[PDB]
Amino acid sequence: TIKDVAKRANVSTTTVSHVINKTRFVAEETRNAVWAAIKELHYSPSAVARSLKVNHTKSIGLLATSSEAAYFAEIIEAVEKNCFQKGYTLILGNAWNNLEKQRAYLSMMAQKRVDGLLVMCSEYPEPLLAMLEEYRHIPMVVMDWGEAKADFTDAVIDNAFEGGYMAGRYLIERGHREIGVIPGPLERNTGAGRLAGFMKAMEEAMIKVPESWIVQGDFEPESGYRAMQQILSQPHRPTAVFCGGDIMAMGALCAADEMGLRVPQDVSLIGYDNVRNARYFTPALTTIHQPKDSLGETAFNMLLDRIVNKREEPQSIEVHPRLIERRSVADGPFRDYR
């Protein structure tokens, strides 16, 4: 069809091309005509054709886990913003922590020849670890590890441990010593990592956590509900609870409110993430905030660099968590004796 343009315009296609991409001088008269031709013709230049030659699709691929979850959703929205802002196009792909689906997506992505890859697969078993290496060639950044797990990629690191520690302390310095914890999957960073940041704080203060007091979540509200309830269901119950993430948290508030417990009056809750609506949680949630947006843009940019500046050596940027004080935590028994 570029041919149809050149022809209506009575010029070559090389010409037609150059005008469309402002790539070498062209007479006005000339320029005009092509524009008109492109116009009456209702012309849209194919990018697949163009891509075939130039050797880049100008589109990036997000090999995500799931996309509804507030946490995820929020990052993604970020990343898209950035792609759009720099001409990139986004391919959102969710493997749902499934290898098979992951190999698949990875393969379609390669075939569609994505300029780069953004990886958020939550859990990284050896198998997934290996597959990814099989594509070192396509440039990529893993956005969700605690520390760099491989040399063939870029990594953006969150400091989940120092976030976990932050959560513990606050609890501590506010009067508590009988604390519970609902962590997320241990097979994750935001799971294991947040937990241990928290646990160090406890060891530091000679506070021990009764195992009947730590209940595994999966980052979903329901798991929050079930844990909160299994915790407050006990003879002896804590005065404060540290919840792995905001959504599961919001599920801990429900349960407590269902056994007519009071937050923060009967139980204080500290969450983790600082999702867009935690302030409108009830009560408004106190939690550790993860810079999700800088998490996103910071990832793009590392990619873009590898893409453009053709970098070869892996990089790793750290991002920082921070405390957001709301109204779901209350002083505890030991406040004044400090």
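A residue's number is simply how far along the shown sequence it sits, counting from 1.
Participant: Can you check if, in at least a third of the other PDB entries compared, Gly191 has no modelled coordinates?
Facilitator: Across the other compared entries, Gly191 is absent from at least a third.
Participant: Would you mind comparing 133 to 141 and 87 to 95 for me and telling me which has the higher average C-alpha temperature factor in the entry?
Facilitator: Mean C-alpha B-factor is greater for 133 to 141.
Participant: Test of understanding: from the entry's C-alpha B-factors, which stretch has the higher mean, 308 to 316 or 272 to 280?
Facilitator: That would be 308 to 316.
Participant: Specify which of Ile207, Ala148, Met166, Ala104 carries the largest Cα B factor in the deposited PDB entry.
Facilitator: Of the candidates given, the C-alpha B-factor peaks at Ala148.
Participant: Of the choices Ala37, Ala47, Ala69, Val26, which one's C-alpha carries the largest B-factor in the record?
Facilitator: Highest C-alpha B-factor among the listed residues goes to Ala37.
Participant: What third of its chain, lowest, middle or highest, does the C-alpha temperature factor of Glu211 fall into?
Facilitator: Answer is highest: the recorded C-alpha B-factor places it there.
Participant: Going by the recorded CA B-factors, say which third of the chain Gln290 sits in, lowest, middle or highest.
Facilitator: CA B-factor rank for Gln290: lowest third.
Participant: Is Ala33 in the lowest, middle or highest third of its chain when residues are ranked by C-alpha B-factor?
Facilitator: For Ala33, whose C-alpha B-factor we compare with every modelled residue in the chain, the answer is the highest third.
Participant: Among all modelled residues of this chain, ranked by Cα B factor, put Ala330 in the bottom, middle or top third, i.e. lowest, middle or highest.
Facilitator: Tercile = highest for this residue's CA B-factor.
Participant: When the modelled residues of the chain are sorted by Cα temperature factor, does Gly251 land in the lowest, middle or highest third?
Facilitator: Middle third - that is where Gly251 ends up once the chain's C-alpha B-factors are sorted.
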